[PDB]
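Visitor: Below is a structure I'd like to ask you about.
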Amino acid sequence: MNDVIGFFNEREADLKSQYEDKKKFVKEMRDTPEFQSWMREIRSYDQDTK
Amino acid sequence: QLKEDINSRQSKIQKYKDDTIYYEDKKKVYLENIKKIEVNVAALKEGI
Amino acid sequence: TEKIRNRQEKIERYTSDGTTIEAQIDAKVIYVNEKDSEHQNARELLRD
Amino acid sequence: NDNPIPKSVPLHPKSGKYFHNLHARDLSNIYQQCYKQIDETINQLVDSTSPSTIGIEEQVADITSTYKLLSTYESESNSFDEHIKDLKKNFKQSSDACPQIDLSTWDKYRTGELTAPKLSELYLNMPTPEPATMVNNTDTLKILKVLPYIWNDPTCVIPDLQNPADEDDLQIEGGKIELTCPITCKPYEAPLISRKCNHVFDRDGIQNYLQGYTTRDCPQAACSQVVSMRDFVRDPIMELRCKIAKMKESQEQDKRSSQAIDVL
């Protein structure tokens, strides 16, 4: 059991690392340079409304 | 007590032999994986 | 591979030690048998 | 299930260390000391009882029962150790056969769908020791059984293989076994007997007959065979008979002399 609990500890550490990587991917998915390109296309459309 | 200790040590020797057998089996599996990687690399190089 | 190498080196050293300790324990068996004979002599001397 | 405590798991090398360490504690020294003690007690009892005192039969039977019980104990102790080693071999083979738990095999074992050998269950299921393939026949037992008859009379023919009652119905017609050899007019100081001749010889003059000839015929009658030096072995029965005969003749001589002097 000491072997299996050490193995499960390293497995959960790997899962924690993967979860951190997914959080980083979520964070970089937003605030993109394309997201920066947005909110001024809206302004350009607002210059010439409907 | 020495006879008991040396019998225990001989059983330890045989279990080391078994452990080395399992390690050699793992090494053979690793070599098979290496050969598969090598043939994949050869195919990729051929495409290259 | 180096793990297997040092494991089998330890196995060979342990087998050599086992052979040497088998010779040594045969020597000890002769030793305890002759000590038992010396006690049989000593106890009969004490008896008489 | 519930509490994650699997019933059994495959053996580990670290656990293999303890498995190799586990052994059944020995009684060889204890058994041999007990055997030597009872043998020397029997030897002391052989001449201990007063020659005029009669009735050693019950003590002989009690000592025979004690020796049989000791021999049974030794046999079942050997059964114990052989069962232990067989159980260890079977358990190690079963553990080697079973796989190893790495990812979820431990979970499978915990859920009960996977089973591993358990030394407790195997030791509960091991057969009870059986006193089989064992014979309670020793030289000490033989002399213990035959000593009451020698005490009654120096010359006796105990075997009843031909007929249970005696050598032939009710009359033995077996003559007597003489302590003093006609060849050597002296008590047997070196009683040596053959497993084939079944005759006791002093060996003082027997070596003279056996020198120069590899095999020589047995000088005694009722048999026809040739034996060498190495077929001779020590026979405790012969000197037991000699000692009891000397002790009885000494006591009877003392009694007759004392009574004759009391007459005067």
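Cβ placement follows ideal geometry from the backbone for every residue including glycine, while neighbour counts extend to all protein chains displayed. Each answer follows from the model by the rule given with it, or from the source it names; these are not laboratory values.
Visitor: Based on what the data block shows, is residue B:31 away from chain D (no Cβ under 14 Å), farther than 20 Å from residue D:11 by Cβ and either surrounded by 10 or more Cβ atoms within 10 Å (Cβ to Cβ) or touching a strand residue (DSSP E or B) at 6+ places or on another chain (Cβ under 8 Å) (or both)?
Guide: Values: away from chain D (no Cβ under 14 Å): yes; farther than 20 Å from residue D:11 by Cβ: yes; either surrounded by 10 or more Cβ atoms within 10 Å (Cβ to Cβ) or touching a strand residue (DSSP E or B) at 6+ places or on another chain (Cβ under 8 Å) (or both): yes.
Here the answer is yes, as residue B:31 does meet what is asked.
Visitor: Restricting attention to the stretch D:1-38, and to residues there that are in a loop (DSSP other than H, G, I, E, B) and of a type in the set (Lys, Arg), which single residue is farthest from the other protein chains (Cβ to nearest Cβ)?
Guide: Out of the qualifying residues, it is D:7.
Visitor: When you scan the stretch A:2-15, do you find a residue that is touching a helix residue (DSSP H, G or I) at 6+ places or on another chain (Cβ under 8 Å) and within 30 Å of residue D:14 (Cβ to Cβ), even just one?
Guide: yes
Visitor: Answer yes or no as to whether residue D:189 is surrounded by fewer than 14 Cβ atoms within 10 Å (Cβ to Cβ), of a type in the set (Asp, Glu) and out of contact with any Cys (no Cβ under 6 Å at 6 or more places or on another chain). Reasoning before the result, please.
Guide: Numbers: surrounded by fewer than 14 Cβ atoms within 10 Å (Cβ to Cβ): yes; of a type in the set (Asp, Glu): yes; out of contact with any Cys (no Cβ under 6 Å at 6 or more places or on another chain): yes.
It is true that residue D:189 is surrounded by fewer than 14 Cβ atoms within 10 Å (Cβ to Cβ), of a type in the set (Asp, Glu) and out of contact with any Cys (no Cβ under 6 Å at 6 or more places or on another chain).
Visitor: May I pose another question? Scan the stretch D:140-150 and tell me whether some residue there is over 22 Å from the mean Cα position of the chain (by Cα), among the aliphatic types (A, V, I, L, M) and either exposed (fewer than 14 other Cβ atoms within 10 Å of the Cβ) or assigned by CATH to the domain that holds residue D:52 (or both). Explain how you work it out, then say what you get.
Guide: Filtering the stretch D:140-150 for residues over 22 Å from the mean Cα position of the chain (by Cα) gives none.
Among the residues of the stretch D:140-150, not one is over 22 Å from the mean Cα position of the chain (by Cα), among the aliphatic types (A, V, I, L, M) and either exposed (fewer than 14 other Cβ atoms within 10 Å of the Cβ) or assigned by CATH to the domain that holds residue D:52 (or both), which makes the answer no.
Visitor: May I ask you to say which residue of C:22, C:44 is part of a helix (DSSP H, G or I), more than 10 Å from the chain's Cα centre (by Cα) and either more than 11 Å from every other protein chain (Cβ to nearest Cβ) or acidic (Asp, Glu) (or both)? Spell out the reasoning first.
Guide: Values: C:22 fails: more than 10 Å from the chain's Cα centre (by Cα).
Just a single option satisfies the conditions, and that option is C:44.
Visitor: Name the pairs: first residue in the stretch D:70-99 and more than 13 Å from chain B (Cβ to nearest Cβ), second residue polar (S, T, N, Q), Cβ to Cβ under 8 Å, at least 6 apart or on different chains?
Guide: Matching pairs, first to second residue: D:71/D:136; D:71/D:138; D:72/D:136.
Visitor: Does the stretch D:42-92 hold any residues that are touching a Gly at 6+ places or on another chain (Cβ under 9 Å) and assigned to a helix (DSSP H, G or I), and which are they?
Guide: First pass over the stretch D:42-92, keeping only residues touching a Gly at 6+ places or on another chain (Cβ under 9 Å): D:49, D:92.
Across the stretch D:42-92, the qualifying residue is only D:92.
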